[PDB]
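Here you'll find one protein chain in two forms, each presented separately as structure tokens under the names structure 1 and structure 2.
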Structure 1
């Protein structure tokens, strides 16, 4: 497929080609901002949202749309509503809340957020909600993979990766094709698990973890998003690019990044890292973000730059270490912000290998 720049352009014209006359009024007070928006947009028909956007606060003027999109994207994350939760510590790994059914109209709210996210894309405006790549995969009809579990849920990854090797007979646990779900207070048989059908079991579990409890809500969100902007229009994008379009690119500070990097079996004076920073310098900004996405799981820096960078287990700085065979592609552990970089024999190989890994893996 083509360069992102080309894909964005092709997406833009598809939006513009399908744009429609006149405009839409959505007026909201800053206290009532979430409720207002809700009622207004749900009472509007999805198509009408592709018209020109006129937003009024009741009070003053000013610019106003970018705020509205920004404020409302933060306001939906308020745990007060039980729509979205964080799997990890300190706002790590945003996801739909299984206990969202606590409010009986929750699906209409997810449908509302759907439309809202589609408006942001369709009208060229950015949000800072903080969805994770697997959320974006599902918007692109991509099955989340085994490595995406590591991004959201490290302990569950380790127990699956352990299950993958070695009989398991040297074990005392049956591991039936069933899973318990503790929510708000709570073909399909126990089955036999075998060396053969571990590979079936693992898939079903990998699928299950991402989908568990958030099935009608995710459907609600997409039928959401679709009513306004068809998902077909996204088909050529990958998840990292989708995130990019919704969050926006920003200037990476190469100094901040290099000062705030730690090491395992390596040093700044070591030759792999000298080459590493040489290729990162050699990159344009679109590739630097791609690298950051590859290593951290996102294209957005935390407030305070590379020093304040968080993983799954609290504060976790960007780190490279001598792991993997040479003649291997470097691989990330996004939950720890770690990059396994093999001790490649020359700069040339490493440079070649790093670029492909960032772009293809």
Structure 2
């Protein structure tokens, strides 16, 4: 069905009989699509809960290492902790409605008080167990297409991003402010979430500029076109672009100027580094400005964003999701060679450097190759990418002088044919460690 009932405040909404849901969004074949693929995952959760509970982080007690950065942050929390507690009541099936009403009617500082959550009806005082389940359950509850808060650029659940069209929910900004408060709470209280935010989403929270590499993790299709513009320098040839980007916003198209007079200004050589930069800048910022500001205002109230300034995108995602034990056997068993084999010296050397690495250095290698620290239920075989499930792959691509290159959307590592164990090691270590 369809329908079109009305609100106490006279706003029109829809009653999807095909789902059994009420939304502000016109319930398309795609909305019904999105909602069912969301549904499944909501029921694939109680079996998965044990997986997510295996997540860990360090025990509270050189320098400029994730671990010090973390224990320093833990301290900043404990120092700003307020006495007494805040008890939130929820029901297993009312988890989102409930948490929203109670945390939005609370002043931000009350939320730094020690948490406790109550599962209505059900016997058992809190302790860590119900907060763990709460944080995880609600981390997914927020992605219900019903609320209009999110969408996915690619295949099924690939590349979580904010729905530019979220403005169709008059409370889109209250909800994105709540998500901000909530994700902040998780970091203040040490608990973990599995929302699915990407490294470039974590960069904004950190006030770090996303790059041309970073679009490969959201729009691999779009990242190539831009790579085509940069690499195929061109003889101008079969190309005519202007400094513009249109955007379909709830049907009506609108042409945005990347710069002033942009519709007028043609893309050319030398000129195109400016444009590539701007386009890249447009892609993360377009349609999601107020949603993202409300997130962040929402986040800042609870745990000041300035407290994360010394983390890079990877350290922060890892602070929110937690660490898993990377089993080297599942990794190796679930790895494919391209222009290489198992016996290639660069492969035998690659596994030798991965054998050295402690778990965090390996997690760091996983984030690099796949765009996240989160290893899925079922491990290295159940590795997913922009084109559905894709296994970890290493390809012989390069010049020896090059640094290894990742393809997070396909989980592929372009590993050049280095001349030595020590060359390859340093290069891999370098690519992974970045500049910390």
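We call the rigid core the largest set of C-alpha positions that still match within 1.5 Å between the two forms. Numbering follows the first chain given and starts at 1.
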With the two forms aligned on the rigid core, which of the residues 197, 258, 108, 285 moves its CA by 2 Å or more between structure 1 and structure 2? 197
Establish whether a shift of 2 Å or more occurs at the C-alpha of residue 91 between structure 1 and structure 2, with the two forms superposed on the rigid core. no
Aligning on the rigid core, do we see the C-alpha of residue 146 shift 2 angstroms or more between structure 1 and structure 2? no
Core-superposed comparison between structure 1 and structure 2, residue 168 Cα displacement 2 Å or beyond: yes
Once the two forms are fitted on their rigid core, how many angstrom does the CA of residue 32 move between structure 1 and structure 2? 2.1
What Cα shift, in Å, does residue 47 show between structure 1 and structure 2 once the core is superposed? 0.8
